[PDB]
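Below is one structure; the comments refer to it alone.
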Amino acid sequence: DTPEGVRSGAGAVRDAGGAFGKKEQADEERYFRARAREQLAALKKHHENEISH
Amino acid sequence: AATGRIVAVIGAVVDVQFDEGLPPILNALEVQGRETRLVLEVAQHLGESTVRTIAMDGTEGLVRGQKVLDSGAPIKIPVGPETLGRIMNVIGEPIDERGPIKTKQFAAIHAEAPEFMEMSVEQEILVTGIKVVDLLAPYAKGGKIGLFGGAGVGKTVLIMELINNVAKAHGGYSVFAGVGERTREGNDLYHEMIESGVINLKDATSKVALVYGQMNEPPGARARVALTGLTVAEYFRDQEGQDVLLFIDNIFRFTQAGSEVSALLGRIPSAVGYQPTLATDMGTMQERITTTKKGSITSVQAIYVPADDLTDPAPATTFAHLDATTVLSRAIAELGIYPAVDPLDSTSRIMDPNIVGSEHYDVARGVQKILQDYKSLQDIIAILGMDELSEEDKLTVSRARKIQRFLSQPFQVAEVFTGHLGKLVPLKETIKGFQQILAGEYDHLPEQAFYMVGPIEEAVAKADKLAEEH
Amino acid sequence: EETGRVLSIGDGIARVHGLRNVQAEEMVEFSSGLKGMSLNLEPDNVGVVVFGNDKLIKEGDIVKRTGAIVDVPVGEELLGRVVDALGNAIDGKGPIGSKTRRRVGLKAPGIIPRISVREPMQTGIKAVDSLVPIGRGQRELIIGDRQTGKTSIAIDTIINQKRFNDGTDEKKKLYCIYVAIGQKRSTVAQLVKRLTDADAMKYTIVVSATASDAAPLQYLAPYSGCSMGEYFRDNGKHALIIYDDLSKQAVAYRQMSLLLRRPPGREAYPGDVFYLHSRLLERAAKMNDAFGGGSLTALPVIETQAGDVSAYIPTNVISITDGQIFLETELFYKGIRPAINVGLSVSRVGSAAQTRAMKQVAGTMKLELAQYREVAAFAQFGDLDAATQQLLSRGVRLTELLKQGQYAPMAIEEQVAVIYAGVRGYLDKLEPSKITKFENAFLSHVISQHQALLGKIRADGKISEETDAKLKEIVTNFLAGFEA
Ligand SMILES: Nc1ncnc2c1ncn2[C@@H]1O[C@H](COP(=O)(O)OP(=O)(O)OP(=O)(O)O)[C@@H](O)[C@H]1O
Ligand SMILES: Nc1ncnc2c1ncn2[C@@H]1O[C@H](COP(=O)(O)OP(=O)(O)O)[C@@H](O)[C@H]1O
Ligand SMILES: [Mg+2]
Ligand SMILES: [Mg+2]
């Protein structure tokens, strides 16, 4: 539309630093913190397997 | 020589009346009777044979009527191979307490800019060893590098790391111009280079000259130290056909110092509050710092971004004068990624698939695109939830986070801060690692493994350690 | 005495006619006894800023040159005395016996006279001494909003200095200087009362430029105090100075310059406000051994309206200082008192300006708190005990550990003890609202029974493996016996 109107961009939610940005930040961490644990455990199992063989 | 008398001392702006022939603008005037040396540089011919001059040191003690001589030349500094390993002031006075700087050639700080027919058109690549810089915004040999950043974001640490990695390896001499910086950092750099060997107090093999005007100096002095340093670099470029590295800290201080004296000089304030002669003076300084056909000067300039506002006139104008720009984002530093180079803001002119190579260009653009898509996805995450995104979205987020972590590189100068040993990543290894991460070969590895590592070989090795400690 | 005639006296600015031999920045004496400083030397007149009420000054008064650039009575005879900007005692305890006068506008030490920051400048605050350590010679900014506790932090550091000052070694002794700029007289009196009930006044010089005091006096006060500290710094002694409300000095400079007809700039602050604050803070330095090895530590205070640290003076002062301690109102009213935003608060380590024993626990505390901050910012709990709930519980424990009261500085060894107790996971089982009670009780128990442990920690400066085992025993035993 008219260029003069304020235009939002990707990442604005996190760039604001408000409650919604913090929720997104924490939510990403909680997910991948758990995923890393699963990945790390799988890597440990892989290492044990190659140690056995 | 046409001995003048002080007629007014307001702040750093001192007006002198010359009964005999008026000194031309930019000439240096010496105030007689002072215990130390106070140099007044002519700024304006006010009229009635009176010159408005900006003092290069403190104006305390000046009394109306005090005699002022005319040097007849712009401020001249000792310049030559004998300045290496020596600290000099704006007026070219040894401040290292090591005796007089005995150079057989003296040069004025003010000089004309190199001509258009003297400009070089070559564009090489300088491998600093930093993954973010070499991949996303590769520096160029001879180009003008700019370290944009706010306060406490990593400008000084990054520039010191660049000195450690490049300047030490570089055979040609280097010049450090500490424009409006902390005096403590100046002493730290001086001592560090002494033990590092770049400055040898015993022999004459020193490879770096130091020009320092700290924030303790008056506004006038802080506006010409950059000119003194670049004059020394120009000597190391024209008189001696060698490659030089000019490292200046907080060039912003050059512009800011002018803003502190423009009102007294009598100029109507420009926007925000900077002097009306912002772009002109900044260009006059910057155009001199270039790689002519005679010699090359790879210049790395730290630029303070006031209040982290890149739209501010001082950083905004300097963008056009720099070939390669690396913007340090505070938000990334808050995330912990060090260096805090903004992957989606840093730009380099040599970022051309013809120049850096197709593979390099493709990998860099892919990294930037995946990070943009991650930025887009975060907004969705905030509402939907991470456990609501599609698998493609989750895969993209994971890969982007891995890439962001791998951008972080421990620095040798930051060994004291982080505690991790500094690492230097070759360009080929950087490209290979980021290409592998983009492909997904290391998706099984945790994100933590990619944080504060060197090559991807260190990245995978770290993951194994965590599994052993799991 | 080359003198002049006051052409115009208005709002504290005297355009004296004469004084043809007057020096710039030189003090001049008026007929009434009021003293002024010549700032705007003009071709026909001299702009003098009076250091007091201008009602006594009238047109046609005779202004006599003092003959000296403005200086302040300096020395160790000012310890324990509340002085004004010109070194005149206002405590009513008698004349100050200063034999030396130092110019208020001296240059800062150069590159060579300085050495790397080594000595730790303990504040007595757990959060400051653990996550944002301050070294001697390091300029740390206590930035924050109104009623956030910056003055509390400064006075707590002042009180903390006692345990070293009353000792024997002169290396650890840190004389303090409080410069009150713009604070009301009742507030300054309350500060002095706190210091003299904690017996900290004996090693403090309280330079006071209250609101009643003239704008020139308020502008000069920080430089006066800095010179008084420079006395100790250049004699090998170590000194600390707190420029309370450096922003109030900026408004005094604005008034002085604008009334001197100097054109205004951003927010009407004179363009040289950056230099105004830079030349003051740059003096704070750690002298090298050849220059005596003394140090001067500066803790400027800046008030930020609505927490906008992007404002002109806040950014100017932030750039100058080595590190910044950010105090936020939301933390204060959320219970974190002191309200130090450890995430955003930054402090250059001071080239290992933290004791080894503190470092050992502080590194892990910092990492744990960072991870806790990253993960526990949702308040929308769904279910990951092993990963998140374990981490956030430890974060809550460490935050409760960091919480500290007012006018109760803790010795570094006691901070090491409590931070140890929290960081080793010994308090993870302890109730999050009972952590504070445990902190107080454990502190008392250690100080009384295991005082030898504290002495060993302090003497060694490092917690060895054997001392660690002793601490394990102590904490485990008390924790088991904590709840009867
Ligand atoms: N550690 C603390 N715990 C709890 N309350 C505290 C603590 N330190 C200070 N306070 C309280 O916080 C309030 C404000 O403290 P303080 O006077 O230091 O603030 P300030 O920012 O310096 O104020 P001002 O704007 O008046 O200069 C006071 O009521 C004080 O008692
Ligand atoms: N690898 C790193 N790179 C940059 N800064 C780091 C790094 N590790 C820790 N830091 C912290 O970030 C700060 C950056 O501040 P500095 O560069 O000195 O000032 P400025 O950012 O204004 O130039 C450092 O003082 C340091 O404490
Ligand atoms: Mg810096
Ligand atoms: Mg206060």
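Ordering of the structure tokens sets the chain letters (A, B, ...), residue numbers begin anew at 1 in every chain, and ligands are numbered from 1 in the order given.
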Enumerate as a PDB file with C-alpha atoms, in the first residue's frame the residues within 10 Å of ligand 3, counting only C-alpha atoms and all ligand atoms.
```pdb
ATOM      1  CA  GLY B 149      29.408  -1.243  16.717  1.00  0.00           C
ATOM      2  CA  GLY B 150      27.937   0.256  19.850  1.00  0.00           C
ATOM      3  CA  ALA B 151      29.394   0.473  23.340  1.00  0.00           C
ATOM      4  CA  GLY B 152      30.674  -2.752  24.865  1.00  0.00           C
ATOM      5  CA  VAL B 153      29.904  -4.817  21.766  1.00  0.00           C
ATOM      6  CA  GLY B 154      33.386  -5.999  20.772  1.00  0.00           C
ATOM      7  CA  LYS B 155      34.927  -3.287  18.590  1.00  0.00           C
ATOM      8  CA  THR B 156      38.138  -2.928  20.609  1.00  0.00           C
ATOM      9  CA  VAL B 157      38.505  -6.671  21.207  1.00  0.00           C
ATOM     10  CA  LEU B 158      37.882  -7.403  17.525  1.00  0.00           C
ATOM     11  CA  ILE B 159      40.377  -4.787  16.339  1.00  0.00           C
ATOM     12  CA  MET B 160      43.018  -6.074  18.755  1.00  0.00           C
ATOM     13  CA  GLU B 181      39.685   6.149  23.432  1.00  0.00           C
ATOM     14  CA  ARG B 182      40.348   5.059  27.006  1.00  0.00           C
ATOM     15  CA  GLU B 185      43.405   0.562  26.650  1.00  0.00           C
ATOM     16  CA  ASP B 249      39.949   3.183  17.248  1.00  0.00           C
ATOM     17  CA  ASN B 250      36.601   5.082  17.447  1.00  0.00           C
ATOM     18  CA  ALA B 302      36.425   1.159  14.600  1.00  0.00           C
ATOM     19  CA  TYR B 304      31.216   3.816  17.613  1.00  0.00           C
TER      20      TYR B 304
ATOM     21  CA  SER C 319      31.222   5.197  26.615  1.00  0.00           C
ATOM     22  CA  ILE C 320      33.734   6.643  29.089  1.00  0.00           C
ATOM     23  CA  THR C 321      33.353   4.083  31.875  1.00  0.00           C
ATOM     24  CA  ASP C 322      34.972   0.653  31.782  1.00  0.00           C
TER      25      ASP C 322
END
```
Checklist entry - Given a cut-off of 7 Å, what residues near ligand 1 show up using only C-alpha atoms and all ligand atoms, put as JSON, numbers by chain? => result {"C": [144, 145, 146, 147, 148, 149, 150, 151, 152, 153, 337, 338, 404, 405, 406]}
Checklist outcome for this item: CA of residue 411 in chain C to CA of residue 124 in chain C measures 5.9 Å
Item to check | Filtered DSSP result for range 237-413 of chain B, state strand (DSSP E), as a ChimeraX atom specification | outcome: /B:244-249,297-304,324-328,347-348
Non-local contacts of range 117-134 of chain B (6 Å; only C-alpha atoms; under 4 positions in same chain excluded) as a PDB file with C-alpha atoms, in the first residue's frame:
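After the write, out19.pdb holds the following:
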```
ATOM      1  CA  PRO B 138      35.499 -10.969   3.523  1.00  0.00           C
ATOM      2  CA  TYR B 139      38.041  -8.231   4.063  1.00  0.00           C
ATOM      3  CA  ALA B 140      40.168  -7.073   1.139  1.00  0.00           C
ATOM      4  CA  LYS B 141      43.870  -6.282   1.003  1.00  0.00           C
ATOM      5  CA  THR B 292      47.108   4.569  -4.182  1.00  0.00           C
ATOM      6  CA  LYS B 293      48.928   3.034  -7.122  1.00  0.00           C
ATOM      7  CA  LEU B 407      29.749 -18.278  13.735  1.00  0.00           C
ATOM      8  CA  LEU B 424      42.103 -19.371  13.818  1.00  0.00           C
ATOM      9  CA  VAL B 425      40.023 -21.014  11.086  1.00  0.00           C
ATOM     10  CA  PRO B 426      41.327 -21.137   7.489  1.00  0.00           C
ATOM     11  CA  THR B 430      35.197 -22.163   7.199  1.00  0.00           C
TER      12      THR B 430
END
```
For the interface of chain C with chain B (cut-off 6 Å, counting only C-alpha atoms), please tabulate each contacting residue of chain C alongside its nearest pair of atoms and their separation in Å to one decimal, rows sorted by chain and increasing number, as a tab-separated table.
```
residue	atom	partner	partner_atom	distance
C:22	CA	B:63	CA	5.8
C:23	CA	B:63	CA	4.5
C:24	CA	B:61	CA	5.3
C:25	CA	B:60	CA	5.7
C:40	CA	B:10	CA	4.9
C:41	CA	B:9	CA	5.1
C:42	CA	B:8	CA	4.9
C:43	CA	B:7	CA	5.4
C:111	CA	B:187	CA	4.9
C:263	CA	B:263	CA	6.0
C:265	CA	B:273	CA	5.8
C:266	CA	B:273	CA	5.5
C:271	CA	B:260	CA	4.3
C:272	CA	B:260	CA	5.0
C:278	CA	B:215	CA	6.0
C:279	CA	B:216	CA	4.8
C:282	CA	B:216	CA	5.8
C:310	CA	B:307	CA	4.9
```
Item to check | For range 190-194 of chain C: contacts at 9 Å, only C-alpha atoms, fewer than 2 positions along chain excluded, given as JSON, numbers by chain | outcome: {"C": [82, 155, 159, 185, 186, 187, 188, 196, 197, 198, 199, 200, 201, 206, 407]}
Item to check | chain A contacts to chain C at 7 Å (only C-alpha atoms) as a VMD selection string | outcome: chain A and resid 22 to 23 26 29 to 30 33 to 34
Selection from above, N, CA and C atoms, as an mmCIF file, in the first residue's frame, can you write it?
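Produced file selection-v5.cif, reproduced below:
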```cif
data_model
loop_
_atom_site.group_PDB
_atom_site.id
_atom_site.type_symbol
_atom_site.label_atom_id
_atom_site.label_comp_id
_atom_site.auth_asym_id
_atom_site.auth_seq_id
_atom_site.Cartn_x
_atom_site.Cartn_y
_atom_site.Cartn_z
ATOM 1 N N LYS A 22 10.477 -12.681 24.781
ATOM 2 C CA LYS A 22 11.077 -13.552 25.787
ATOM 3 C C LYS A 22 10.458 -14.943 25.747
ATOM 4 N N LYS A 23 9.145 -15.023 25.529
ATOM 5 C CA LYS A 23 8.489 -16.323 25.421
ATOM 6 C C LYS A 23 9.055 -17.118 24.252
ATOM 7 N N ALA A 26 12.714 -18.292 25.258
ATOM 8 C CA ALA A 26 12.714 -19.416 26.188
ATOM 9 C C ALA A 26 12.170 -20.679 25.534
ATOM 10 N N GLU A 29 14.706 -22.427 23.444
ATOM 11 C CA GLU A 29 15.698 -23.081 24.287
ATOM 12 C C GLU A 29 15.153 -24.373 24.884
ATOM 13 N N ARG A 30 13.944 -24.320 25.452
ATOM 14 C CA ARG A 30 13.373 -25.499 26.097
ATOM 15 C C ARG A 30 13.277 -26.673 25.131
ATOM 16 N N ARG A 33 17.093 -27.649 24.044
ATOM 17 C CA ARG A 33 17.784 -28.207 25.202
ATOM 18 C C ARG A 33 17.416 -29.672 25.390
ATOM 19 N N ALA A 34 16.131 -29.997 25.243
ATOM 20 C CA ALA A 34 15.702 -31.388 25.307
ATOM 21 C C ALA A 34 16.211 -32.180 24.108
#
```
Next on the checklist: Should the cut-off be 10 Å, what would the residue list for chain A against chain B look like, counting only C-alpha atoms, as an MDAnalysis selection string?
Outcome noted: chainID A and resid 9:15 17 19:33 35:48
Using N, CA and C atoms, can you write the selected residues to a file as a JSON list (two decimals), in the first residue's frame?
```json
[["chain", "number", "residue", "atom", "x", "y", "z"],
["A", 9, "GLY", "N", 8.84, -5.96, 10.03],
["A", 9, "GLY", "CA", 9.73, -6.90, 9.40],
["A", 9, "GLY", "C", 9.90, -8.16, 10.23],
["A", 10, "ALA", "N", 10.54, -9.15, 9.61],
["A", 10, "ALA", "CA", 10.79, -10.41, 10.30],
["A", 10, "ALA", "C", 11.71, -10.20, 11.49],
["A", 11, "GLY", "N", 11.38, -10.85, 12.60],
["A", 11, "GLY", "CA", 12.15, -10.73, 13.82],
["A", 11, "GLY", "C", 11.71, -9.62, 14.75],
["A", 12, "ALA", "N", 10.71, -8.82, 14.35],
["A", 12, "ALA", "CA", 10.27, -7.70, 15.17],
["A", 12, "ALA", "C", 9.84, -8.17, 16.56],
["A", 13, "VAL", "N", 9.20, -9.33, 16.64],
["A", 13, "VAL", "CA", 8.73, -9.84, 17.93],
["A", 13, "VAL", "C", 9.89, -10.01, 18.89],
["A", 14, "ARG", "N", 10.98, -10.61, 18.43],
["A", 14, "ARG", "CA", 12.15, -10.77, 19.28],
["A", 14, "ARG", "C", 12.91, -9.46, 19.45],
["A", 15, "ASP", "N", 12.95, -8.64, 18.40],
["A", 15, "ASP", "CA", 13.67, -7.37, 18.48],
["A", 15, "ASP", "C", 13.06, -6.45, 19.52],
["A", 17, "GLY", "N", 11.91, -7.18, 22.43],
["A", 17, "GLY", "CA", 12.35, -7.51, 23.77],
["A", 17, "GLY", "C", 11.24, -7.54, 24.80],
["A", 19, "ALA", "N", 7.42, -9.31, 26.36],
["A", 19, "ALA", "CA", 7.04, -10.62, 26.90],
["A", 19, "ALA", "C", 6.97, -11.67, 25.80],
["A", 20, "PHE", "N", 6.39, -11.31, 24.65],
["A", 20, "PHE", "CA", 6.29, -12.27, 23.56],
["A", 20, "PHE", "C", 7.66, -12.65, 23.01],
["A", 21, "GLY", "N", 8.58, -11.69, 22.93],
["A", 21, "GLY", "CA", 9.93, -12.01, 22.51],
["A", 21, "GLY", "C", 10.63, -12.95, 23.48],
["A", 22, "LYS", "N", 10.48, -12.68, 24.78],
["A", 22, "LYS", "CA", 11.08, -13.55, 25.79],
["A", 22, "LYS", "C", 10.46, -14.94, 25.75],
["A", 23, "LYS", "N", 9.14, -15.02, 25.53],
["A", 23, "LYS", "CA", 8.49, -16.32, 25.42],
["A", 23, "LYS", "C", 9.06, -17.12, 24.25],
["A", 24, "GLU", "N", 9.25, -16.46, 23.11],
["A", 24, "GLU", "CA", 9.85, -17.13, 21.96],
["A", 24, "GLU", "C", 11.28, -17.57, 22.27],
["A", 25, "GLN", "N", 12.05, -16.72, 22.94],
["A", 25, "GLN", "CA", 13.43, -17.08, 23.27],
["A", 25, "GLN", "C", 13.48, -18.31, 24.16],
["A", 26, "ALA", "N", 12.71, -18.29, 25.26],
["A", 26, "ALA", "CA", 12.71, -19.42, 26.19],
["A", 26, "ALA", "C", 12.17, -20.68, 25.53],
["A", 27, "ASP", "N", 11.11, -20.54, 24.73],
["A", 27, "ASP", "CA", 10.49, -21.70, 24.11],
["A", 27, "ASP", "C", 11.45, -22.41, 23.17],
["A", 28, "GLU", "N", 12.21, -21.65, 22.38],
["A", 28, "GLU", "CA", 13.22, -22.26, 21.52],
["A", 28, "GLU", "C", 14.25, -23.02, 22.34],
["A", 29, "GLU", "N", 14.71, -22.43, 23.44],
["A", 29, "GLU", "CA", 15.70, -23.08, 24.29],
["A", 29, "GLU", "C", 15.15, -24.37, 24.88],
["A", 30, "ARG", "N", 13.94, -24.32, 25.45],
["A", 30, "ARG", "CA", 13.37, -25.50, 26.10],
["A", 30, "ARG", "C", 13.28, -26.67, 25.13],
["A", 31, "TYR", "N", 12.89, -26.41, 23.88],
["A", 31, "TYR", "CA", 12.78, -27.47, 22.89],
["A", 31, "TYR", "C", 14.15, -28.06, 22.56],
["A", 32, "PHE", "N", 15.10, -27.22, 22.17],
["A", 32, "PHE", "CA", 16.38, -27.73, 21.70],
["A", 32, "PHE", "C", 17.27, -28.20, 22.84],
["A", 33, "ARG", "N", 17.09, -27.65, 24.04],
["A", 33, "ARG", "CA", 17.78, -28.21, 25.20],
["A", 33, "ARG", "C", 17.42, -29.67, 25.39],
["A", 35, "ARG", "N", 16.15, -31.59, 22.91],
["A", 35, "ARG", "CA", 16.62, -32.28, 21.72],
["A", 35, "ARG", "C", 18.10, -32.63, 21.82],
["A", 36, "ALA", "N", 18.91, -31.70, 22.33],
["A", 36, "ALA", "CA", 20.33, -31.97, 22.50],
["A", 36, "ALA", "C", 20.56, -33.16, 23.42],
["A", 37, "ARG", "N", 19.77, -33.27, 24.49],
["A", 37, "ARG", "CA", 19.90, -34.41, 25.39],
["A", 37, "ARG", "C", 19.63, -35.72, 24.67],
["A", 38, "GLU", "N", 18.57, -35.76, 23.86],
["A", 38, "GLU", "CA", 18.29, -36.95, 23.07],
["A", 38, "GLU", "C", 19.42, -37.22, 22.08],
["A", 39, "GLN", "N", 19.88, -36.17, 21.39],
["A", 39, "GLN", "CA", 20.98, -36.33, 20.44],
["A", 39, "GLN", "C", 22.25, -36.78, 21.15],
["A", 40, "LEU", "N", 22.55, -36.19, 22.31],
["A", 40, "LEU", "CA", 23.75, -36.58, 23.04],
["A", 40, "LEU", "C", 23.67, -38.03, 23.52],
["A", 41, "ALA", "N", 22.50, -38.45, 24.00],
["A", 41, "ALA", "CA", 22.32, -39.83, 24.42],
["A", 41, "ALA", "C", 22.49, -40.78, 23.24],
["A", 42, "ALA", "N", 21.94, -40.41, 22.08],
["A", 42, "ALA", "CA", 22.11, -41.23, 20.89],
["A", 42, "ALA", "C", 23.58, -41.33, 20.49],
["A", 43, "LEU", "N", 24.31, -40.21, 20.59],
["A", 43, "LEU", "CA", 25.74, -40.24, 20.30],
["A", 43, "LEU", "C", 26.49, -41.13, 21.28],
["A", 44, "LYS", "N", 26.10, -41.10, 22.55],
["A", 44, "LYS", "CA", 26.72, -41.97, 23.54],
["A", 44, "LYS", "C", 26.46, -43.44, 23.21],
["A", 45, "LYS", "N", 25.23, -43.75, 22.79],
["A", 45, "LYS", "CA", 24.92, -45.12, 22.38],
["A", 45, "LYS", "C", 25.72, -45.53, 21.15],
["A", 46, "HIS", "N", 25.88, -44.61, 20.19],
["A", 46, "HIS", "CA", 26.70, -44.88, 19.02],
["A", 46, "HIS", "C", 28.14, -45.17, 19.42],
["A", 47, "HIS", "N", 28.68, -44.36, 20.33],
["A", 47, "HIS", "CA", 30.05, -44.55, 20.80],
["A", 47, "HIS", "C", 30.20, -45.89, 21.50],
["A", 48, "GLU", "N", 29.23, -46.25, 22.34],
["A", 48, "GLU", "CA", 29.27, -47.55, 23.01],
["A", 48, "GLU", "C", 29.20, -48.69, 22.00]]
```
Item to check | Test item, alpha helix (DSSP H) assignment across range 130-217 of chain C, answer as a ChimeraX atom specification | outcome: /C:130-131,150-160,162-165,185-197,215-217
C-alpha atoms of the current selection, written as a PDB file, in the first residue's frame:
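As written to disk, out_32.pdb reads:
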```pdb
ATOM      1  CA  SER C 130      30.718 -12.006  42.021  1.00  0.00           C
ATOM      2  CA  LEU C 131      29.251 -11.301  38.573  1.00  0.00           C
ATOM      3  CA  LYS C 150      22.679   3.404  43.190  1.00  0.00           C
ATOM      4  CA  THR C 151      23.498   5.526  46.238  1.00  0.00           C
ATOM      5  CA  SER C 152      22.829   2.438  48.349  1.00  0.00           C
ATOM      6  CA  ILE C 153      25.432   0.508  46.341  1.00  0.00           C
ATOM      7  CA  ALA C 154      27.966   3.317  46.706  1.00  0.00           C
ATOM      8  CA  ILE C 155      27.452   3.760  50.455  1.00  0.00           C
ATOM      9  CA  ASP C 156      27.565  -0.008  50.957  1.00  0.00           C
ATOM     10  CA  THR C 157      30.966  -0.082  49.250  1.00  0.00           C
ATOM     11  CA  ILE C 158      32.048   2.836  51.447  1.00  0.00           C
ATOM     12  CA  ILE C 159      31.058   0.907  54.576  1.00  0.00           C
ATOM     13  CA  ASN C 160      32.697  -2.265  53.256  1.00  0.00           C
ATOM     14  CA  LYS C 162      36.155  -0.397  56.858  1.00  0.00           C
ATOM     15  CA  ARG C 163      37.333  -3.988  57.334  1.00  0.00           C
ATOM     16  CA  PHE C 164      40.447  -3.187  55.305  1.00  0.00           C
ATOM     17  CA  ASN C 165      40.994   0.352  56.604  1.00  0.00           C
ATOM     18  CA  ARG C 185      21.307  18.848  52.295  1.00  0.00           C
ATOM     19  CA  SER C 186      19.000  16.546  54.261  1.00  0.00           C
ATOM     20  CA  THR C 187      19.982  13.628  52.004  1.00  0.00           C
ATOM     21  CA  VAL C 188      23.686  14.428  52.359  1.00  0.00           C
ATOM     22  CA  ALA C 189      23.251  14.676  56.131  1.00  0.00           C
ATOM     23  CA  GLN C 190      21.534  11.282  56.205  1.00  0.00           C
ATOM     24  CA  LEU C 191      24.420   9.781  54.233  1.00  0.00           C
ATOM     25  CA  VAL C 192      26.925  11.327  56.655  1.00  0.00           C
ATOM     26  CA  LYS C 193      24.875   9.979  59.572  1.00  0.00           C
ATOM     27  CA  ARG C 194      24.990   6.458  58.155  1.00  0.00           C
ATOM     28  CA  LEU C 195      28.737   6.731  57.599  1.00  0.00           C
ATOM     29  CA  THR C 196      29.366   8.064  61.115  1.00  0.00           C
ATOM     30  CA  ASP C 197      27.232   5.374  62.738  1.00  0.00           C
ATOM     31  CA  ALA C 215      25.718  25.982  39.587  1.00  0.00           C
ATOM     32  CA  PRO C 216      29.463  26.810  39.317  1.00  0.00           C
ATOM     33  CA  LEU C 217      30.016  25.088  42.666  1.00  0.00           C
TER      34      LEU C 217
END
```
Next on the checklist: Which residue is closest to ligand 4? Choose from C:412, C:349, C:143, C:423 and count only C-alpha atoms and all ligand atoms.
Outcome noted: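 Going through C:412, C:349, C:143, C:423 one by one, the smallest distance to ligand 4 is for C:143.
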Item to check | Separation of CA of residue 105 in chain B from CA of residue 235 in chain B in Å | outcome: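 Computing it gives 9.5 Å between the two atoms.
Our summary of the geometry notes that CA of residue 249 in chain C is positioned 7.5 Å from CA of residue 182 in chain C.
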Checklist entry - Closest to ligand 2 among C:358, C:452, C:132, C:242, using only C-alpha atoms and all ligand atoms? => result C:132
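Closest approach to ligand 2 among B:419, B:455, B:339, B:229 is made by B:339 (distances from only C-alpha atoms and all ligand atoms).
If you count only C-alpha atoms and ignore residues fewer than 5 places along the chain from residue 338 in chain B, what sits within 9 Å of it is residues 154, 332, 333, 407, 408, 409, 410, 411 and 452 of chain B.
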Next on the checklist: Give me the residues near residue 53 in chain C as a PyMOL selection string, where near means some atom within 9 Å (using only C-alpha atoms) and where sequence neighbours in that chain fewer than 3 positions away do not count.
Outcome noted: chain C and resi 11-12+34+50+56-57+213-214
Would you output that residue set with C-alpha atoms, as a JSON list (two decimals), in the first residue's frame?
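Generated file (result-v6.json):
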```
[["chain", "number", "residue", "atom", "x", "y", "z"],
["C", 11, "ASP", "CA", 22.14, 35.09, 37.37],
["C", 12, "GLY", "CA", 25.65, 34.48, 38.71],
["C", 34, "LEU", "CA", 32.60, 36.00, 46.93],
["C", 50, "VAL", "CA", 30.46, 33.45, 40.94],
["C", 56, "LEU", "CA", 25.90, 40.75, 47.11],
["C", 57, "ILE", "CA", 27.63, 41.46, 43.79],
["C", 213, "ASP", "CA", 24.90, 25.65, 46.19],
["C", 214, "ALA", "CA", 25.51, 27.61, 43.01]]
```
